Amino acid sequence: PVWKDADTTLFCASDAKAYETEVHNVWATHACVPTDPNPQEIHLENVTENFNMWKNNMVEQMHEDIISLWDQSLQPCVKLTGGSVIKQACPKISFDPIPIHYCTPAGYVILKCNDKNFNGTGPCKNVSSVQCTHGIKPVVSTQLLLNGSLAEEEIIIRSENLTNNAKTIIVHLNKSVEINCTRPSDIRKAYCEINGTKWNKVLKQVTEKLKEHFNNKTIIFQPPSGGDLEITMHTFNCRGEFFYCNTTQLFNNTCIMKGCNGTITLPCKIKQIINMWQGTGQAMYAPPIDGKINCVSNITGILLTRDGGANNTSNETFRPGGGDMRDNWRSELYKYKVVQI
């Protein structure tokens, strides 16, 4: 059919409800068009196409969208940016992500890799074309990727360069793991419950898959090596509240029989004052709503950074990472790319 690699401005589509006060719905109601009522995916016969999830302008575009959404939607009591501050009103909002589709304009199409074990870079042999991506939830989080899609076959390790330890690793799970987080009815104290059995089994498999890529070496997990709390903790937004959860128990190493196939309870705190993931500085929000604040989510992936300086050692050490939300969008946009017809 003839196409070439190209960049261009996308638009978005949604099933947002015009009658909803939820912020993602409000934003998508006025910034996206309705979802394609009859989506058509066209398989491309005997077509091999190179992809590179690490060099994908769709990622930067979605990133700019979600920045826009959060800036219009979240109302901090005070926000400190660029040697300045502005104080406002900060009402509690309705907050629950909805899927967003990304669609090409005229003269362009989206190619979709359906190779089940595709790692994000290189050739894809089973390629289709679509007018829009599937609906992607823009879930902001560190350490754990939440409410995403799953790898269809095996656990996938995605990295721009595994030998470069400064390059973030995205682990794509093939089996979701529930994380159930609650502030019951100290108002800022909360906790997350994870099935230890389910989690440790998944984690043992992740270690095995990491061993395949690192010449059979010993794989050890460690807590983050300092930084801001947003990256030292699993950080996410739950119904408008910013949860900071300690994941030391998640990355034990011991449980990979010692009394650890029960429930894992991670200590959390709701924080009013955060370091924004947009990079702009510090923001302060209002105290949490009264009553039971609950969010149950699927762990669909893991963000990891590997220690340096272990070349002459027998081990490789991995720590939960994150903070660059582009990697969150990357973990869902990896199989898409825009081409010009």
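Heads up: residue numbers just count along the shown sequence, starting at 1.
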Missing from the model but present in the deposited sequence, between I220 and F221: none
Unmodelled stretch of the deposited sequence separating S185 from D186, binned as none, 1 to 3, 4 to 9 or 10 or more: 4 to 9
Selected stretch [higher average CA B-factor]: 101-109 or 71-79: 71-79
Of 277-285 and 297-305, the one with larger mean CA B-factor: 277-285
Residue of maximum C-alpha B factor among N215, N147, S159, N237, per deposited coordinates: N215
Candidate residues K211, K137, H134, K271, the one whose C-alpha B factor the record puts highest: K211
Entry-reported Cα temperature factor of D96, expressed as the chain third it lands in: lowest
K55 - which third its CA temperature factor falls in, relative to the rest of the chain: middle
Ranked C-alpha temperature factor of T35 among modelled chain residues, by third: middle
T142 CA temperature factor, ranked by third within the chain: lowest
Lowest, middle or highest third - CA B-factor, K204: highest
